[PDB]
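Just one chain follows, in the form deposited in one PDB entry, and it is written as C-alpha cells.
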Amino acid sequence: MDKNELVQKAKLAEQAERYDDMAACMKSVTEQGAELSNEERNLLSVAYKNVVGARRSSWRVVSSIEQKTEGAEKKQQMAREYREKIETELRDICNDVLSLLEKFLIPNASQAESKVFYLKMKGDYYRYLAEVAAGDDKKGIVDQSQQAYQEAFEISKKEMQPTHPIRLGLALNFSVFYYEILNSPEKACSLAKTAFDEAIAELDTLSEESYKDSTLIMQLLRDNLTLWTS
C-alpha cells in the first residue's frame, strides 16, 4: 500500500476515534522505512499514546480495586487476574513502539529535534513498562527509561532553545519520571525549575507562533513544582 493513502486513512481513523486503526496505519507507514515527516511522526505518536493510554487508565482502575478488596477473597483474586491481562496488553503495545523506535525512527532521524522527540518517546514507553514491571525487572526498566530521557536531554540542551515545546515537554515528562518512578522529589523539582527558568529567560526572543504551546507546557512544569513542594 501507498504511504499517502495510509496517512489519509490514519487521519480518518483519528477523527472517528478509532485509535487501534490509526496506530496500525501509522505502524505500516513506519515499517516501509522512509524517515517520517513531522506530520506523520505526530500521527504515529497520537495513535500510540491513545492505544497505550486506554490500558494505563484501565490498569489504574483495576489496581485500585485490587488494593481496596484486601479481605474480599473472590474480588481481589479476580481483580489480580484482570490486572495481569491488561498488563500483558500494555507491555505488548510498549514493546511494539519501542521496536519501531529502535529499528526505524531513531536511526532515521536526520535532525536533533526529531532525535529528541523519539528518545523522549523511548523514555516514556520504558516509563509505562516500569509502572507495571515485575519486582525483579523493575530496576532494569527504570534505568532504561532514565538513560533514554537523559540522552534526549543532553541533545536538547545543546541543540534546542529552552523555549522549544519538544525540549519543554521532555523536561515535563522526565521530571515526572523522577518524581513518580525514581521517587526523587529533589531531582524532579530541580529539573522542572531549571527548565522553567531557562525558558523564562528566552521568552523575549520566542516567535509568536510558539507562544501558546511553550507557555502552556511552562505552566504545567510550574503546576508540578507547586504540587511537589507542598
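One rule holds for the numbers: they count along the sequence shown, beginning at 1. Between two forms, the rigid core is defined as the largest C-alpha subset superposing within 1.5 Å.
Novice: At least a third of the other compared entries leaving residue 123 unmodelled, is that the case?
Specialist: Residue status for residue 123: no gap in any other entry.
Novice: Is residue 208 missing in a third or more of the other PDB entries that were compared?
Specialist: Residue 208: unmodelled in at least a third of the other compared entries.
Novice: On average, are the C-alpha B-factors higher in 69-77 or in 88-96?
Specialist: Going by the record's values, the stretch with the higher mean is 69-77.
Novice: So 22-30 or 197-205, which one's hotter by mean CA B-factor in the entry?
Specialist: Of 197-205 and 22-30, the stretch with the higher C-alpha B-factor average is 197-205.
Novice: Could you tell me which third, lowest, middle or highest, the C-alpha B-factor of residue 217 occupies within its chain?
Specialist: Its C-alpha B-factor belongs to the lowest third of this chain's values.
Novice: Would you mind checking where the Cα B-factor of residue 106 ranks among the modelled residues of its chain, as the lowest, middle or highest third?
Specialist: Residue 106: CA B-factor falls in the middle third of its chain.
Novice: Where does residue 124 sit by CA temperature factor within its chain: lowest, middle or highest third?
Specialist: It belongs to the lowest third of the chain when residues are ordered by C-alpha B-factor.
Novice: Please place residue 152 in the lowest, middle or highest third of its chain by C-alpha B factor as given in the entry.
Specialist: For residue 152, the deposited C-alpha B-factor lands in the middle third.
Novice: Name the third of the chain's ranked CA B-factors that contains residue 115, choosing lowest, middle or highest.
Specialist: For residue 115, the deposited C-alpha B-factor lands in the middle third.
There is another form of this protein, the form deposited in another entry, and it is not shown here; the text below is about that form.
Novice: Return yes or no for residue 183: a CA shift of at least 2 Å between this form and the one not shown, with the rigid core superposed?
Specialist: No, residue 183 moves less than 2 Å.
Novice: Once you line up the core, how about residue 24: does its CA shift reach 2 Å between this form and the one not shown?
Specialist: It does not reach a 2 Å shift.
Novice: Residue 13: CA shift of at least 2 Å between this form and the one not shown after core fit?
Specialist: No.
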